[PDB]
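J.: Just dropping this structure here.
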Amino acid sequence: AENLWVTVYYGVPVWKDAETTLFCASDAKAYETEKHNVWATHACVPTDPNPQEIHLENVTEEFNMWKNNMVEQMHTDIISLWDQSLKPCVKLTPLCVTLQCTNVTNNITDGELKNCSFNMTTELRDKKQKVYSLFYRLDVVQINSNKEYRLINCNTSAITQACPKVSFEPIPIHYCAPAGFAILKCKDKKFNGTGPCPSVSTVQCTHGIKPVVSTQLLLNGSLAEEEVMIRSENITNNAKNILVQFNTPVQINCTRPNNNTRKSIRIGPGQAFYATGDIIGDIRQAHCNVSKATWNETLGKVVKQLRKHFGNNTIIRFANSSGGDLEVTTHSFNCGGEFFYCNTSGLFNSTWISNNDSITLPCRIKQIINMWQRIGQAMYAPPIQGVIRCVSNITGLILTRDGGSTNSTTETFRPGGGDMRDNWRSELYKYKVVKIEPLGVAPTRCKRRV
Amino acid sequence: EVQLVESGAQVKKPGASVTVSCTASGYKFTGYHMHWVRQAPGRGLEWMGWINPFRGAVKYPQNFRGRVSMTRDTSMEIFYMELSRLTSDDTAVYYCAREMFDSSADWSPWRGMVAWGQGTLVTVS
Amino acid sequence: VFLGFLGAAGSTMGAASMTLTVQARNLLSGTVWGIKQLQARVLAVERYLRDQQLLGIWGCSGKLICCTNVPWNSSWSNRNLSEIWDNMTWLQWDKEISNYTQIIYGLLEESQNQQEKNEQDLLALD
Amino acid sequence: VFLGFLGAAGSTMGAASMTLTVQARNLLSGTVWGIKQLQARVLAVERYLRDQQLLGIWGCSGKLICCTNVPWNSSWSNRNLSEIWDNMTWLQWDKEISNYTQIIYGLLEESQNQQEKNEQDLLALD
Amino acid sequence: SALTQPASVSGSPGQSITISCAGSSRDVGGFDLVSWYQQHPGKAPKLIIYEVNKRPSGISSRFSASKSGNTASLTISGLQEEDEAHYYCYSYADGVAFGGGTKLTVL
């Protein structure tokens with residue numbers, strides 16, 4: 001009549017957070033790019049033909065990017081798959097033989113590269129081979145008359161060249177969840193990260209995210225909505241990595257106007273080293289043209305998202321990076337297979353107050369990189385034949401602030417930070433892993449039998 | 001054990017610069033923020049700057065921008081540091097110092113001075 | 001009306017416990033890298049079969065919604081049937097049961113069906 | 001009396017059909033070296049599933065107690081009921097079935113529920 | 001430095017001491033990020049307390065300080081001749097400012 005009992009239901013809308021293993025899915029088509037392991041697509045499940053979305057009526061739910069422990073899972077996953085695209089290719093520790101160098105076969109107009117001859121063990125163990133290559137000033141180092149050099153990993157590490165078959169363009173992947181877990185998605189547009197969301201939504205898997213190797217500029221990513229949302233885990237500690245999400249994208253049409261020669265060298269048997277041959281005649285430099293007009297408008301798209309952080313009438317300043325490595329002072333991103341570190345000196349430079357052309361960004365080039373900060377494991381990128389070009393939508397920024405400077409006069413803002421679990425997290429902000437608890441108790445007036 | 005090996009006395013002259021070292025030999029380099037700290041003979045100390053050794057994110061107070069240039073060597077594991085526009089007041093010793101909560105994934109802070117070196121004494125006229 | 005999956009989270013308990021035959025359809029259906037999905041599905045059925053046993057080692061035997069003969073003790077957020085069952089949402093009702101759901105099932109197999117289905121035995125052997 | 005999991009391993013079968021549920025808890029209990037546990041919890045369901053399928057086809061469906069309709073044809077270990085349920089434990093009597101436990105079950109699933117679930121739609125066509 | 005620390009403090013073995021550390025509406029009174037240090041005369045300096053009052057693993061719990069309102073202070077219980085040293089105050093403020101310093105000695 002009133003003595004309420006316990007009643008058992010199943011399939012309830014209840015959850016708590018818990019970390020466990022997610023897994024991959026990258027279409028039924030990306031498994032057909034060949035090239036021997038483009039990233040990780042191997043036995044991953046193909047992706048469903050139609051992904052739909054559900055908006056949770058009345059749900060007010062907490063979201064974050066910081067202690068969202070998928071920010072650690074994805075970095076550890078992208079780390080060990082890098083070896084799997086490497087271990088059946090060509091290692092090159094004997095390339096620590098000395099090269100006799102000189103400024104290149106040029107008509108001056110300068111060098112930054114050299115014409116370096118050296119001896120090497122070929123297919124036959126007894127036969128030695130004469131061959132010279134061309135390297136950038138970052139791939140080698142002089143050791144302590146003309147100048148002679150060594151490869152740069154030699155005073156620290158071993159090194160392995162990847163297969164030139166393996167291509168390296170960012171290809172999308174969906175992150176997955178099985179029977180018991182899911183991934184949340186707060187469909188707020190004006191979303192400053194912290195708090196319950198008014199119209200919480202959900203997804204079973206994420207959208208398509210590309211693991212773009214980039215510091216400073218985010219590329220091939222995801223846009224913002226309404227106002228260019230400014231995001232950060234912590235805006236007070238100037239040691240933290242701050243991530244901006246653009247709304248209006250910018251065209252980067254990078255170019256390496258040097259028809260490059262790929263000289264394959266036999267030093268195996270079977271294996272091969274890939275040297276740099278002649279560049280045809282004229283001598284030009286790798287840049288990265290950027291629409292001057294698009295930058296100036298997008299500056300206001302975020303600077304007017306800074307007057308909402310200090311003053312309805314105020315002032316904002318910029319200056320180039322405070323210093324450090326190329327990965328924190330220069331926009332690094334993959335272009336062709338070789339790498340481009342682009343000069344951020346000429347961008348962070350203006351001064352804001354109250355009431356058709358293009359600049360270009362100088363870019364250095366690197367082929368041997370010690371990425372992941374693994375002292376012991378450097379690599380060599382087999383050079384790209386021909387002129388290199390890469391169009392992409394500019395998407396975000398990894399940057400820092402200064403300290404107090406003069407308290408509230410204004411503040412200088414520079415690029416830096418770098419860390420690779422926060423380049424990833426620039427595309428992990430709107431998700432959080434949850435464990436689903438399906439059993440639910442209620443008190444209804446019914447009771448069972450004996 | 002760990003250590004912060006510092007250079008011996010490196011006396012230098014005004015209008016120039018000087019190099020002071022903190023060799024690392026026992027702990028993880030990249031993930032551990034490190035500060036340079038200055039101590040004058042019998043006076044108050046000045047916080048100089050710091051670095052994010054993972055690719056070297058350095059910062060200064062506006063006090064010395066244009067003067068100071070500060071960095072490290074990744075695989076040789078050490079901190080160099082220089083301060084330009086020397087004046088005789090700069091006669092002092094120096095100390096490298098680390099922060100508390102450092103790791104791999106989730107960061108913070110900017111505090112908790114634990115580490116100190118050997119006191120590299122330079123002298124300026 | 002066949003809306004979708006779990007729209008009734010900030011909605012009432014009955015409208016939630018309405019579609020008792022929707023959420024149980026797509027959960028099984030039918031080198032390295034091929035291992036992270038492999039370690040996900042075998043720990044996604046050990047827990048599922050832990051449930052398949054519990055609906056059998058009690059008296060329910062079948063599947064879906066079974067009621068119980070347990071004191072919903074008054075300390076557990078007592079409103080009327082109509083202020084709990086005919087009023088609240090699993091966003092606003094599950095916010096009140098959580099802190100003491102561990103005491104309810106310190107019994108759901110202990111002093112009942114363990115001794116209860118054995119009361120069936122000392123009976124049906126003499 | 002409640003003396004824990006497997007606490008009644010060798011007492012009278014009447015006192016041994018008590019704890020039928022505690023032994024129904026740890027049949028599911030929830031690079032390399034992770035292989036050491038992934039191939040272990042795989043064999044937890046294997047000790048459960050074998051009985052989930054057997055009891056399901058039978059008149060058991062659910063677990064715990066389950067009567068069956070098989071005559072213990074006296075050619076088997078014919079004994080007094082007191083010489084089964086009163087003077088023996090689980091071990092002392094599952095010893096006796098072993099001579100014929102490979103014969104008892106050409107019936108429970110093969111002669112009972114093969115035929116006693118097809119007169120449920122020659123009868124149920126009314 | 002930006003925190004006024006007094007001139008001197010001296011005593012007899014066994015006593016205890018208090019040292020004030022005052023700023024304005026910005027420094028010690030503005031923020032809860034302070035810390036105090038010890039310098040025995042001529043080696044590597046050492047931290048004793050961080051953040052108002054939380055000791056790090058190892059410091060003998062005769063030392064304890066705090067931050068109240070605007071004037072940070074400290075207290076060392078049962079002075080030994082081991083405690084005869086120089087002492088400071090830290091406080092992250094905008095960047096980092098400091099306390100002037102105060103030495104403890106044996107009378």
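As shown in the structure tokens, the chain order sets the letters A, B, ...; within each chain, residues go from 1, and ligands are also counted from 1 in the order they appear.
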Write out as CSV the residues of chain A that have any atom within 10 Å of an atom of chain C, one row each with the nearest atom pair and its distance in Å to one decimal, counting only C-alpha atoms, sorted by chain and then rising number.

T.:
```
residue,atom,partner,partner_atom,distance
A:2,CA,C:81,CA,8.0
A:3,CA,C:71,CA,8.2
A:4,CA,C:72,CA,6.1
A:5,CA,C:72,CA,5.1
A:6,CA,C:72,CA,5.4
A:7,CA,C:67,CA,4.5
A:8,CA,C:66,CA,5.5
A:9,CA,C:65,CA,5.2
A:10,CA,C:64,CA,6.8
A:11,CA,C:23,CA,5.9
A:12,CA,C:16,CA,7.1
A:13,CA,C:9,CA,5.1
A:14,CA,C:90,CA,7.6
A:20,CA,C:40,CA,8.4
A:21,CA,C:40,CA,6.3
A:22,CA,C:36,CA,6.9
A:23,CA,C:37,CA,5.2
A:24,CA,C:37,CA,7.4
A:25,CA,C:37,CA,9.6
A:40,CA,C:33,CA,6.7
A:41,CA,C:33,CA,7.7
A:42,CA,C:33,CA,6.6
A:43,CA,C:34,CA,4.8
A:44,CA,C:34,CA,5.9
A:45,CA,C:37,CA,8.4
A:52,CA,C:4,CA,9.9
A:53,CA,C:4,CA,9.2
A:54,CA,C:4,CA,7.2
A:55,CA,C:7,CA,6.9
A:56,CA,C:7,CA,5.0
A:57,CA,C:7,CA,5.7
A:58,CA,C:10,CA,4.7
A:59,CA,C:10,CA,5.3
A:60,CA,C:10,CA,8.3
A:77,CA,C:33,CA,9.5
A:80,CA,C:32,CA,10.0
A:81,CA,C:33,CA,8.1
A:84,CA,C:32,CA,8.6
A:176,CA,C:37,CA,8.6
A:177,CA,C:40,CA,8.0
A:178,CA,C:40,CA,6.5
A:179,CA,C:27,CA,5.5
A:180,CA,C:44,CA,6.8
A:181,CA,C:44,CA,9.3
A:201,CA,C:7,CA,9.1
A:202,CA,C:6,CA,9.5
A:438,CA,C:23,CA,9.8
A:440,CA,C:94,CA,8.3
A:441,CA,C:97,CA,8.2
A:442,CA,C:85,CA,7.5
A:443,CA,C:72,CA,6.6
A:444,CA,C:81,CA,6.2
A:445,CA,C:81,CA,7.1
A:446,CA,C:67,CA,6.9
A:447,CA,C:69,CA,5.4
A:448,CA,C:68,CA,5.5
A:449,CA,C:69,CA,7.9
A:450,CA,C:116,CA,8.6
```

J.: Quick one: residues within 7 Å of segment 24-39 of chain B, only C-alpha atoms counted, chain neighbours fewer than 3 positions away excluded, as a list in words?

T.: residues 1, 2, 3, 4, 5, 44, 45, 46, 47, 48, 49, 50, 51, 52, 53, 54, 77, 78, 92, 93, 94, 95, 96, 97, 98, 99, 102, 103 and 104 of chain B

J.: Matching every Cα in sequence order between the two identical chains, what are the coordinates of chain C once fitted onto chain D? Write them as a short mmCIF file (atom, residue, chain, number, x, y, z; two decimals) with C-alpha atoms, in the first residue's frame.

T.:
```
data_model
loop_
_atom_site.label_atom_id
_atom_site.label_comp_id
_atom_site.auth_asym_id
_atom_site.auth_seq_id
_atom_site.Cartn_x
_atom_site.Cartn_y
_atom_site.Cartn_z
CA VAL C 1 27.47 -18.99 10.00
CA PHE C 2 29.55 -17.75 7.06
CA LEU C 3 32.70 -19.89 7.32
CA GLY C 4 34.37 -19.45 3.93
CA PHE C 5 34.72 -21.19 0.56
CA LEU C 6 34.34 -24.95 0.18
CA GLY C 7 35.10 -26.16 3.71
CA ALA C 8 32.41 -28.81 3.15
CA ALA C 9 34.36 -31.09 0.83
CA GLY C 10 34.72 -34.01 3.24
CA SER C 11 31.36 -32.95 4.67
CA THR C 12 27.86 -34.10 3.88
CA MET C 13 26.10 -33.36 0.60
CA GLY C 14 23.47 -31.11 2.19
CA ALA C 15 25.93 -29.08 4.23
CA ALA C 16 27.77 -28.71 0.92
CA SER C 17 24.71 -27.86 -1.23
CA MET C 18 23.61 -25.56 1.64
CA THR C 19 25.37 -22.31 0.70
CA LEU C 20 24.06 -22.10 -2.87
CA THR C 21 24.80 -18.34 -2.93
CA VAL C 22 28.44 -18.11 -1.82
CA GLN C 23 30.60 -19.61 -4.58
CA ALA C 24 28.99 -17.51 -7.34
CA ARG C 25 30.07 -14.06 -6.10
CA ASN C 26 33.80 -13.69 -6.89
CA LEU C 27 34.45 -14.96 -10.41
CA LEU C 28 33.93 -11.78 -12.42
CA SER C 29 33.30 -9.15 -9.70
CA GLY C 30 33.39 -6.18 -12.05
CA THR C 31 53.27 -5.82 -25.23
CA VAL C 32 54.01 -9.10 -23.48
CA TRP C 33 53.40 -10.16 -19.85
CA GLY C 34 50.01 -8.48 -20.15
CA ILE C 35 49.04 -11.44 -22.32
CA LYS C 36 49.10 -14.50 -20.03
CA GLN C 37 46.34 -13.01 -17.89
CA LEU C 38 44.60 -12.02 -21.12
CA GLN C 39 44.57 -15.56 -22.50
CA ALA C 40 43.18 -16.75 -19.14
CA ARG C 41 39.97 -14.71 -18.80
CA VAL C 42 38.53 -15.03 -22.31
CA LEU C 43 38.74 -18.82 -21.94
CA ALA C 44 37.16 -18.30 -18.50
CA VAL C 45 33.88 -16.90 -19.89
CA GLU C 46 33.36 -18.97 -23.07
CA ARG C 47 32.90 -21.92 -20.70
CA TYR C 48 30.81 -19.77 -18.35
CA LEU C 49 28.46 -18.72 -21.16
CA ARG C 50 28.33 -22.32 -22.35
CA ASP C 51 26.55 -22.78 -19.02
CA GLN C 52 24.40 -19.66 -19.44
CA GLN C 53 22.99 -21.24 -22.61
CA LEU C 54 22.41 -24.69 -21.10
CA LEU C 55 20.29 -23.34 -18.25
CA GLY C 56 18.15 -21.71 -20.95
CA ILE C 57 18.01 -24.37 -23.66
CA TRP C 58 16.56 -26.70 -21.05
CA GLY C 59 13.35 -25.94 -19.19
CA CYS C 60 14.96 -24.39 -16.12
CA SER C 61 15.46 -20.86 -17.57
CA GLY C 62 16.39 -19.53 -14.12
CA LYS C 63 19.46 -19.99 -11.96
CA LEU C 64 20.51 -22.17 -8.96
CA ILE C 65 19.12 -25.63 -8.18
CA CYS C 66 16.80 -27.34 -10.67
CA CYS C 67 15.48 -30.90 -10.40
CA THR C 68 15.04 -33.34 -13.27
CA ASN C 69 12.70 -36.02 -14.62
CA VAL C 70 15.36 -38.60 -15.48
CA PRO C 71 15.76 -42.21 -14.30
CA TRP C 72 18.57 -42.08 -11.79
CA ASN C 73 19.22 -45.61 -13.02
CA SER C 74 19.81 -48.16 -10.27
CA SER C 75 23.31 -48.98 -11.55
CA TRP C 76 24.35 -45.53 -10.28
CA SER C 77 25.38 -46.10 -6.63
CA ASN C 78 21.90 -46.62 -5.17
CA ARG C 79 21.61 -46.11 -1.47
CA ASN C 80 18.51 -44.72 0.17
CA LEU C 81 17.78 -41.01 0.04
CA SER C 82 19.04 -41.13 3.62
CA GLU C 83 22.14 -43.21 2.87
CA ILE C 84 23.05 -40.90 -0.04
CA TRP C 85 21.50 -37.50 0.60
CA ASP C 86 21.26 -37.57 4.42
CA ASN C 87 24.51 -39.46 5.10
CA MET C 88 27.43 -39.13 2.70
CA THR C 89 30.00 -36.49 1.80
CA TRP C 90 31.11 -35.16 -1.58
CA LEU C 91 34.46 -36.72 -0.69
CA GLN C 92 32.78 -40.11 -0.18
CA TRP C 93 29.82 -39.71 -2.58
CA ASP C 94 31.56 -38.18 -5.59
CA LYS C 95 33.97 -41.12 -5.23
CA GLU C 96 31.11 -43.31 -6.52
CA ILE C 97 29.33 -41.37 -9.29
CA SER C 98 32.35 -40.49 -11.44
CA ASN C 99 32.78 -43.51 -13.72
CA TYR C 100 29.33 -43.09 -15.30
CA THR C 101 28.45 -39.39 -15.26
CA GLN C 102 28.97 -39.35 -19.04
CA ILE C 103 25.84 -41.44 -19.66
CA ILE C 104 23.49 -39.22 -17.62
CA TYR C 105 23.77 -36.22 -19.96
CA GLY C 106 23.50 -38.27 -23.13
CA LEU C 107 19.92 -37.15 -22.70
CA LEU C 108 19.77 -33.89 -20.70
CA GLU C 109 19.08 -32.02 -23.96
CA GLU C 110 18.47 -34.86 -26.45
CA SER C 111 15.12 -36.64 -26.13
CA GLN C 112 13.73 -34.12 -23.63
CA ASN C 113 13.96 -30.36 -24.07
CA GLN C 114 14.93 -30.58 -27.75
CA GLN C 115 11.68 -32.44 -28.45
CA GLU C 116 9.94 -31.16 -25.30
CA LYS C 117 9.98 -27.42 -25.98
CA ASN C 118 9.03 -28.34 -29.55
CA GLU C 119 6.01 -30.18 -28.15
CA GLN C 120 5.15 -26.69 -26.92
CA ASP C 121 5.24 -25.57 -30.57
CA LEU C 122 3.27 -28.16 -32.55
CA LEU C 123 0.75 -27.49 -29.77
CA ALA C 124 0.75 -23.68 -29.82
CA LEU C 125 0.32 -23.10 -33.56
CA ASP C 126 -3.07 -24.72 -34.21
#
```

J.: I need the chain E residues near chain A as a PyMOL selection string; criterion: at most 12 Å, counting only C-alpha atoms.

T.: chain E and resi 26+92-97

J.: Please identify all polymer residues within 7 Å of residue 421 of chain A, counting only C-alpha atoms, omitting same-chain residues fewer than 5 positions from it, and present them as a list in words.

T.: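 The contact residues come out as residues 71, 72 and 75 of chain A; 105 of chain B.
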
J.: Can you pull out every residue from chain B that DSSP, working from the backbone, puts in strand (DSSP E or B), and format the result as a ChimeraX atom specification?

T.: /B:4-6,22-24,34-39,46-52,57-59,68-70,73,78-79,81-83,92-98,122

J.: Do me a favour and pick out the residues of chain E within 10 Å of chain B, using only C-alpha atoms, as a PDB file with N, CA, C and O atoms, in the first residue's frame.

T.:
```pdb
ATOM      1  N   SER E   1      63.804  42.300  -3.761  1.00  0.00           N
ATOM      2  CA  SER E   1      62.874  42.074  -2.664  1.00  0.00           C
ATOM      3  C   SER E   1      61.774  43.130  -2.644  1.00  0.00           C
ATOM      4  O   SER E   1      61.965  44.250  -3.117  1.00  0.00           O
ATOM      5  N   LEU E  33      51.383  32.222  -2.097  1.00  0.00           N
ATOM      6  CA  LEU E  33      52.381  31.460  -2.842  1.00  0.00           C
ATOM      7  C   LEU E  33      53.775  31.676  -2.254  1.00  0.00           C
ATOM      8  O   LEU E  33      54.766  31.743  -2.989  1.00  0.00           O
ATOM      9  N   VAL E  34      53.869  31.778  -0.928  1.00  0.00           N
ATOM     10  CA  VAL E  34      55.106  32.191  -0.272  1.00  0.00           C
ATOM     11  C   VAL E  34      55.965  30.984   0.079  1.00  0.00           C
ATOM     12  O   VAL E  34      55.516  29.835  -0.012  1.00  0.00           O
ATOM     13  N   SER E  35      57.207  31.244   0.488  1.00  0.00           N
ATOM     14  CA  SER E  35      58.125  30.217   0.963  1.00  0.00           C
ATOM     15  C   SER E  35      59.316  30.891   1.637  1.00  0.00           C
ATOM     16  O   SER E  35      59.651  32.037   1.322  1.00  0.00           O
ATOM     17  N   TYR E  37      63.466  30.253   3.402  1.00  0.00           N
ATOM     18  CA  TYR E  37      64.693  29.523   3.108  1.00  0.00           C
ATOM     19  C   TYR E  37      65.714  29.732   4.221  1.00  0.00           C
ATOM     20  O   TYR E  37      65.569  30.609   5.076  1.00  0.00           O
ATOM     21  N   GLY E  42      77.757  29.755   3.833  1.00  0.00           N
ATOM     22  CA  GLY E  42      78.720  29.401   2.806  1.00  0.00           C
ATOM     23  C   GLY E  42      78.616  28.032   2.158  1.00  0.00           C
ATOM     24  O   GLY E  42      79.609  27.297   2.111  1.00  0.00           O
ATOM     25  N   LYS E  43      77.438  27.680   1.654  1.00  0.00           N
ATOM     26  CA  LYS E  43      77.273  26.493   0.816  1.00  0.00           C
ATOM     27  C   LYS E  43      75.993  26.647  -0.005  1.00  0.00           C
ATOM     28  O   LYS E  43      75.531  27.768  -0.248  1.00  0.00           O
ATOM     29  N   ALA E  44      75.417  25.528  -0.417  1.00  0.00           N
ATOM     30  CA  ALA E  44      74.222  25.572  -1.245  1.00  0.00           C
ATOM     31  C   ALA E  44      73.016  25.926  -0.383  1.00  0.00           C
ATOM     32  O   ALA E  44      72.821  25.321   0.676  1.00  0.00           O
ATOM     33  N   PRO E  45      72.209  26.908  -0.777  1.00  0.00           N
ATOM     34  CA  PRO E  45      71.042  27.280   0.031  1.00  0.00           C
ATOM     35  C   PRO E  45      70.015  26.157   0.064  1.00  0.00           C
ATOM     36  O   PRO E  45      70.065  25.203  -0.714  1.00  0.00           O
ATOM     37  N   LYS E  46      69.065  26.286   0.991  1.00  0.00           N
ATOM     38  CA  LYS E  46      68.107  25.225   1.269  1.00  0.00           C
ATOM     39  C   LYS E  46      66.729  25.805   1.552  1.00  0.00           C
ATOM     40  O   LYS E  46      66.603  26.849   2.198  1.00  0.00           O
ATOM     41  N   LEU E  47      65.700  25.109   1.066  1.00  0.00           N
ATOM     42  CA  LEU E  47      64.306  25.456   1.308  1.00  0.00           C
ATOM     43  C   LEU E  47      63.801  24.748   2.559  1.00  0.00           C
ATOM     44  O   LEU E  47      64.162  23.598   2.823  1.00  0.00           O
ATOM     45  N   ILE E  48      62.957  25.437   3.330  1.00  0.00           N
ATOM     46  CA  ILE E  48      62.464  24.856   4.575  1.00  0.00           C
ATOM     47  C   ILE E  48      60.943  24.752   4.583  1.00  0.00           C
ATOM     48  O   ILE E  48      60.393  23.802   5.149  1.00  0.00           O
ATOM     49  N   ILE E  49      60.251  25.716   3.977  1.00  0.00           N
ATOM     50  CA  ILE E  49      58.787  25.751   3.980  1.00  0.00           C
ATOM     51  C   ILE E  49      58.314  26.392   2.682  1.00  0.00           C
ATOM     52  O   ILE E  49      58.923  27.350   2.196  1.00  0.00           O
ATOM     53  N   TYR E  50      57.220  25.867   2.123  1.00  0.00           N
ATOM     54  CA  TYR E  50      56.592  26.434   0.937  1.00  0.00           C
ATOM     55  C   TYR E  50      55.084  26.540   1.132  1.00  0.00           C
ATOM     56  O   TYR E  50      54.475  25.744   1.852  1.00  0.00           O
ATOM     57  N   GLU E  51      54.494  27.543   0.474  1.00  0.00           N
ATOM     58  CA  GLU E  51      53.054  27.794   0.460  1.00  0.00           C
ATOM     59  C   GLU E  51      52.469  27.936   1.861  1.00  0.00           C
ATOM     60  O   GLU E  51      52.027  26.950   2.459  1.00  0.00           O
ATOM     61  N   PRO E  56      58.285  20.406   3.541  1.00  0.00           N
ATOM     62  CA  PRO E  56      58.714  19.325   2.654  1.00  0.00           C
ATOM     63  C   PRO E  56      59.348  18.183   3.429  1.00  0.00           C
ATOM     64  O   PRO E  56      59.890  18.355   4.523  1.00  0.00           O
ATOM     65  N   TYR E  88      65.156  33.974   4.809  1.00  0.00           N
ATOM     66  CA  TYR E  88      64.546  34.831   3.804  1.00  0.00           C
ATOM     67  C   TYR E  88      63.067  34.496   3.677  1.00  0.00           C
ATOM     68  O   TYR E  88      62.538  33.620   4.369  1.00  0.00           O
ATOM     69  N   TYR E  90      60.079  34.195   0.285  1.00  0.00           N
ATOM     70  CA  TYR E  90      59.757  34.203  -1.129  1.00  0.00           C
ATOM     71  C   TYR E  90      58.258  34.436  -1.278  1.00  0.00           C
ATOM     72  O   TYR E  90      57.484  34.192  -0.354  1.00  0.00           O
ATOM     73  N   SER E  91      57.857  34.933  -2.444  1.00  0.00           N
ATOM     74  CA  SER E  91      56.441  35.072  -2.767  1.00  0.00           C
ATOM     75  C   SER E  91      56.359  35.360  -4.258  1.00  0.00           C
ATOM     76  O   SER E  91      56.842  36.404  -4.709  1.00  0.00           O
ATOM     77  N   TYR E  92      55.781  34.432  -5.020  1.00  0.00           N
ATOM     78  CA  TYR E  92      55.507  34.727  -6.417  1.00  0.00           C
ATOM     79  C   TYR E  92      54.526  35.885  -6.490  1.00  0.00           C
ATOM     80  O   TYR E  92      53.387  35.779  -6.024  1.00  0.00           O
ATOM     81  N   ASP E  94      53.475  38.838  -9.473  1.00  0.00           N
ATOM     82  CA  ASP E  94      53.665  39.215 -10.872  1.00  0.00           C
ATOM     83  C   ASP E  94      54.704  38.292 -11.496  1.00  0.00           C
ATOM     84  O   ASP E  94      54.366  37.401 -12.282  1.00  0.00           O
ATOM     85  N   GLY E  95      55.969  38.512 -11.153  1.00  0.00           N
ATOM     86  CA  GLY E  95      57.003  37.522 -11.361  1.00  0.00           C
ATOM     87  C   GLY E  95      57.397  36.921 -10.028  1.00  0.00           C
ATOM     88  O   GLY E  95      56.654  36.116  -9.458  1.00  0.00           O
ATOM     89  N   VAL E  96      58.555  37.320  -9.506  1.00  0.00           N
ATOM     90  CA  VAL E  96      58.996  36.902  -8.180  1.00  0.00           C
ATOM     91  C   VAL E  96      59.652  38.090  -7.490  1.00  0.00           C
ATOM     92  O   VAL E  96      60.618  38.660  -8.011  1.00  0.00           O
ATOM     93  N   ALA E  97      59.126  38.466  -6.329  1.00  0.00           N
ATOM     94  CA  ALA E  97      59.782  39.363  -5.392  1.00  0.00           C
ATOM     95  C   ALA E  97      60.199  38.564  -4.164  1.00  0.00           C
ATOM     96  O   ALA E  97      59.888  37.376  -4.031  1.00  0.00           O
ATOM     97  N   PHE E  98      60.907  39.221  -3.251  1.00  0.00           N
ATOM     98  CA  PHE E  98      61.518  38.512  -2.138  1.00  0.00           C
ATOM     99  C   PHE E  98      61.310  39.274  -0.838  1.00  0.00           C
ATOM    100  O   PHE E  98      60.833  40.413  -0.816  1.00  0.00           O
ATOM    101  N   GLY E  99      61.668  38.610   0.256  1.00  0.00           N
ATOM    102  CA  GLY E  99      61.777  39.240   1.554  1.00  0.00           C
ATOM    103  C   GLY E  99      63.216  39.645   1.808  1.00  0.00           C
ATOM    104  O   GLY E  99      64.150  38.976   1.365  1.00  0.00           O
ATOM    105  N   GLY E 100      63.382  40.759   2.527  1.00  0.00           N
ATOM    106  CA  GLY E 100      64.710  41.327   2.714  1.00  0.00           C
ATOM    107  C   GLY E 100      65.690  40.345   3.328  1.00  0.00           C
ATOM    108  O   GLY E 100      66.815  40.188   2.846  1.00  0.00           O
ATOM    109  N   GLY E 101      65.274  39.663   4.389  1.00  0.00           N
ATOM    110  CA  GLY E 101      66.136  38.705   5.048  1.00  0.00           C
ATOM    111  C   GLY E 101      66.378  39.039   6.503  1.00  0.00           C
ATOM    112  O   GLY E 101      66.356  40.212   6.889  1.00  0.00           O
TER     113      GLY E 101
END
```

J.: Can you measure atom CA of residue 263 of chain A to atom CA of residue 134 of chain A for me? One decimal in Å is fine.

T.: 10.5 Å

J.: Might you pull out every residue within 10 Å of residue 107 of chain B, with only C-alpha atoms counted and same-chain residues fewer than 5 positions away left off, and present them as a ChimeraX atom specification?

T.: /A:66,233-234,237,239-241,419 /B:31-32,101-102

J.: What are the nearest atom pairs, with distances in Å to one decimal, for all residues of chain A that come at most 6 Å from chain B, using only C-alpha atoms, set out by chain and rising residue number as a Markdown table?

T.:
```
| residue | atom | partner | partner_atom | distance |
| --- | --- | --- | --- | --- |
| A:323 | CA | B:58 | CA | 5.9 |
| A:324 | CA | B:56 | CA | 4.1 |
| A:325 | CA | B:55 | CA | 4.8 |
| A:405 | CA | B:62 | CA | 5.6 |
| A:416 | CA | B:57 | CA | 5.8 |
| A:417 | CA | B:57 | CA | 5.8 |
```

J.: Please compute the atom CA of residue 387 of chain A-atom CA of residue 278 of chain A distance, one decimal, in Å.

T.: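 Spanning atom CA of residue 387 of chain A to atom CA of residue 278 of chain A is a straight-line distance of 12.9 Å.
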
J.: Mind giving me the straight-line distance from atom CA of residue 380 of chain A to atom CA of residue 115 of chain A in Å, one decimal?

T.: 18.5 Å

J.: Might you pull out every residue within 12 Å of residue 94 of chain A, with only C-alpha atoms counted and same-chain residues fewer than 2 positions away left off, and present them as a list in words?

T.: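 Once the nearby chain positions are removed, what remains is residues 90, 91, 92, 96, 97, 98, 118, 119, 120, 121, 122, 150, 151, 153, 154, 158, 159, 160, 267, 268 and 273 of chain A.
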